[PDB]
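J.: What follows is a single structure, and I will ask about it in a moment.
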Amino acid sequence: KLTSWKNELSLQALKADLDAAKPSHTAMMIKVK
Amino acid sequence: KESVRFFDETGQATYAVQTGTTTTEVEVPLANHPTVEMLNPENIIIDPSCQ
Amino acid sequence: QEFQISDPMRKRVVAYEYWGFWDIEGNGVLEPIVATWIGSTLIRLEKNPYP
Amino acid sequence: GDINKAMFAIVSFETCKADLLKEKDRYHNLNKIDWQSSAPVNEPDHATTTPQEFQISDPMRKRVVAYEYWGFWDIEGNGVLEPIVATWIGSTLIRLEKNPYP
């Protein structure tokens, strides 16, 4: 739709990688806090 | 400037006489410069599997 | 938290950018892309413009 | 007490399918393996900083643990050792060749 690629991204797939790394990032910020 | 412009293109020494003009459509550059910012570590997430 | 601007043009919103490598083609090669979405709506999807 | 006289060495490292696809002919039988098993979650013998709960939905960018065997082997019945490199993932041999480095 937005691009001509035959493997165009989807919003859920992009957000799937977001919350996947969220626990690791959240734990790191605890020591930063 | 037009005379030397044509000289650069072809090498022919030609006089330039202003006879007319037209309203063209151009795009004036503005704020064309790089930027650097410091990100809050809480607002950025990196791949844990980066080793 | 209580601050806001009445003008819709100057409204403050939060945006997310996704920078990384994705297999944009079925051949099996990763390519650098940049994606931006606001409010669970995709608005930008293109390859990395930087050289 | 000498690395030069060592006859074999095994190193475990993480990789992805896209990383393996960088070489178009170095690996064989890549399709037979599954991307759910042999994960870092299922390999307690491999130490890593990757979180145990972390995973990637994309099969291309899936994280898997791979083993490399570097050493000298008597690849011929004559009785002379030769340097070889072997790689296997999930109890499946995918790479077997001599040492390419000069």
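Just so you know, the protein sequences line up as chains A, B, C and D, in that order.
Take the first sequence: its letter number 4 is residue 22 in the authors' numbering, and every next letter is one higher.
Take the second sequence: its letter number 3 is residue 207 in the authors' numbering, and every next letter is one higher.
Take the third sequence: its letter number 49 is residue 355 in the authors' numbering, and every next letter is one higher.
Take the fourth sequence: its letter number 90 is residue 345 in the authors' numbering, and every next letter is one higher.
The beta-carbon is built from N, C-alpha and C at its ideal position, and this holds for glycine as well.
In the DSSP assignment, what are the bridge partners of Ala217/B?
T.: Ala217/B is not bridged to any residue.
J.: Decide if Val320/D is buried, meaning its Cβ has at least 16 other Cβ atoms within 10 Å, or exposed.
T.: Under this definition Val320/D is a buried residue.
J.: With respect to the beta strand (DSSP E) encompassing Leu243/B, which residues constitute its N-terminal and C-terminal limits?
T.: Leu243/B -> no beta strand (DSSP E), and no H or E assigned at all.
J.: Using a Cβ distance threshold of 8 Å, determine whether the segment 333–345 of chain C contacts the segment 21–32 of chain A, with at least three qualifying pairs required.
T.: Short answer: they touch.
J.: Counting pairs of beta carbons, one from the segment 38–50 of chain A and one from the segment 233–240 of chain B, are three or more of them closer than 8 Å?
T.: Touching, no.
J.: Compare the C-alpha of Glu323/D against each of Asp300/D, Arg350/D, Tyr356/D and name the closest.
T.: If we check each option's Cα against that of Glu323/D, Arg350/D comes out closest.
J.: Answer yes or no: does any C-beta atom of chain A fall closer than 9 Å to that of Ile344/C?
T.: No, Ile344/C does not count as interfacial toward chain A.
J.: Between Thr347/D and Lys272/D, how many whole angstroms is the CB-CB distance? I'm expecting something under 8 Å.
T.: Not quite, the Cβ-Cβ distance comes to about 14 Å (not below 8 Å), so this is no contact.
J.: Apart from the five residues just before and just after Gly326/C, which ones in its own chain have a Cβ nearer than 8 Å to its Cβ?
T.: Correct list, in chain order: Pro338, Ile339.
J.: Where does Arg209/B sit, in a helix, a strand or coil, going by DSSP?
T.: Helix, per DSSP.
J.: Restricting to Cα atoms, I'd like to know which of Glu26/A, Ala38/A, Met47/A is closest to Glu308/D.
T.: Checking every option, the nearest Cα to that of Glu308/D belongs to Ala38/A.
J.: So, helix, strand or coil for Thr342/D, using DSSP?
T.: Looking at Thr342/D - three-state DSSP - the assignment turns out to be strand.
J.: Using the beta-carbon of each residue, which ones in chain E are nearer than 8 Å to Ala341/C?
T.: Checking the listed chains, one finds no chain E in this structure; the protein chains it contains are A, B, C and D.
J.: Does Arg316/C pass the burial test, meaning 16 or more other C-beta atoms within 10 Å, or should it be called exposed?
T.: Flag for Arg316/C reads exposed.
J.: Short of 8 Å in beta carbon distance, which residues of its chain neighbour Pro355/D, apart from the five on each side in sequence? Order them along the chain.
T.: Correct list, in chain order: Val340.
J.: Write down every uninterrupted run of the alpha helix (DSSP H) in the segment 267–341 of chain D whose length is 4 residues or greater and which is fully enclosed by it, in chain order.
T.: For the segment 267–341 of chain D, whole alpha helix (DSSP H) runs of length 4 or above, ordered along the chain, are 272–275.
J.: With a threshold of 9 Å between beta-carbons, can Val335/C be considered close to chain D, or not?
T.: Taking Cβ atoms only, chain D reaches closer than 9 Å to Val335/C, which makes this a yes.
J.: Of the choices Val335/C, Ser312/C, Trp328/C, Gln310/C, whose alpha-carbon is the least far from that of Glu26/A?
T.: Closest option to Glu26/A, Cα to Cα, is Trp328/C.
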